[PDB]
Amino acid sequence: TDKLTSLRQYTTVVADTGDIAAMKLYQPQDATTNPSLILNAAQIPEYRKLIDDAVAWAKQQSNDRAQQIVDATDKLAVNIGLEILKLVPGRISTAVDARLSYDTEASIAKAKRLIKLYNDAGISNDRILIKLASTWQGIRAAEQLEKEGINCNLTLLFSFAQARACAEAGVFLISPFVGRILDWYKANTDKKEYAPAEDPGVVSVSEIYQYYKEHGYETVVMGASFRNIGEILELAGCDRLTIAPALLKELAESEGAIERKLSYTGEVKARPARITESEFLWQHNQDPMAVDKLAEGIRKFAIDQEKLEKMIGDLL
């Protein structure tokens, strides 16, 4: 059999894209999107109807241009999610405006607004994951949202401090990155080549996985961001993995069964006291890579959000 089929025995496959074409080809359980993937998806010719639809809807909700752009942009993200939900049995992850990453109250309000739009379309909360950056503020926002019946996907997770804080907040799922960690080491270290087993990103997720299972945390661990299939295979056994269409294709075209790599067979251990904000900040900032990448990831998502608003603005 092929690698993709074999991987499904140990790990739930998730497609990292806003393109419905990939959903039909690989039949993933869930799908994930982010501001950058939404921008790209908005370029797809067949998605034109989704855009006009968002704009029309927005103009019917208010006559304030400022508010129309915001409504149109949020509605487009939701419209794309709706198309995807017609092709997958699981969940769709939709991100809150990255510009609100350091504002807990604003993030909670935005998340509720997105949930409202999905509900207005008849979609219940159990088919959605609101995605937020894993800053201290985003984690605090998620803790509150989960208590209110809104499940979250905590992304841009780079340091162990972020992983620990997310588990203690009881979030539904986390998206620890692999590829971007490798990018940092290739650019800031002498070593430019890594064997799958020594890939910094792979080591990071493996340690997070162990810590989570070892303490009985129910938060789903979903590795994200990949540069090659080697990273993916080295993480076989991870709860879920969200993979780009290009790598999904490679797995499906490579023959050979694979073996499970990530497992925890011991007994659950007692959990420690919760980490405080001060300890979180100290530990997160002890990691040069995590410091750079979290801030950078937020900056790029914000830029793409703005580009989308620009595009929508010219259609009003």
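Numbers follow the displayed sequence, beginning with 1.
Higher mean CA B-factor, judged across 22-30 and 42-50 from the recorded values: 42-50. On average the C-alpha atoms of 179-187 have higher B-factors than those of the other stretch, with 179-187 and 126-134 being the two compared.
When the C-alpha B-factors of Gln60, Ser36, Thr276, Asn285 are ranked from the entry, the top spot goes to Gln60.
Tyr217: CA B factor lies in the middle third for its chain, per the PDB record. Split the chain's modelled residues into thirds by C-alpha temperature factor. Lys300 is in the middle one. In the PDB entry, a CA B factor belonging to the lowest third of its chain's modelled residues is recorded for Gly223.
Per-chain ranking of the deposited C-alpha B factor places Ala197 in the highest third.
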